[PDB]
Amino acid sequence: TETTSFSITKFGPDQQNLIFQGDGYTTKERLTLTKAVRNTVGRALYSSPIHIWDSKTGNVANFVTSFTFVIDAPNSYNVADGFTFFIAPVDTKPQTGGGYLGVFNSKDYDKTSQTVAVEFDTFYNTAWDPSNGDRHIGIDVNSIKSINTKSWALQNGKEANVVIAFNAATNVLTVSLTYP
């Protein structure tokens, strides 16, 4: 047994157990990944590496994370690009911006990525996103082209409560989003 847990109910000005990358910073009780500014990237990582599986034993961890987030666009139609929760190698740095959400670099499978991300994508990129052109939740492993998507209707400026959980006994990753 190895366990790691934390909770931050309100982000303070010097949130030292977080690593910030790009424009990510903390302002007024909140972690802001992005300002409503064009062409930026921001990421924030928990300070400790977490042991997600063990090669000796073959064991994989059970985990659960929940967060509430807000996307605040100037209006409901001009919205880009999206936000991710991701699991990457300990030394992860920002990857390609824009449509790649700061976590991937291509739509083709790249084993070198070693990143799994749950995306909340607010912009339809013709090259890889759902043909319906709708805003969506997706599960990404080693590619920006999701293995599965669900259409989601963005509520501009409202707080969304998300739960993501992984069950090692069946390997099912579950994501739930609720605007309360």
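All residue numbers are counted from 1 along the displayed sequence.
*Asks:* Which has the higher mean CA temperature factor in the PDB entry, 34 to 42 or 137 to 145?
*Replies:* Higher of the two, by average CA B-factor, is 34 to 42.
*Asks:* Return whichever of 60 to 68 and 124 to 132 has the greater mean Cα B factor according to the PDB record.
*Replies:* Averaging CA B-factors over each stretch, the winner is 124 to 132.
*Asks:* Choose from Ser76, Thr96, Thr92, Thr84 the residue with the greatest Cα B-factor as stated in the PDB record.
*Replies:* In the PDB entry, the greatest C-alpha B-factor among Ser76, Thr96, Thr92, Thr84 is found at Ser76.
*Asks:* Can you tell me which of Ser55, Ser113, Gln155, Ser48 has the maximum CA B-factor listed in the PDB entry?
*Replies:* Largest recorded C-alpha B-factor: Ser55.
*Asks:* Lowest, middle or highest third of the chain for the C-alpha temperature factor of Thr9?
*Replies:* Highest third of the chain for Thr9's C-alpha B-factor.
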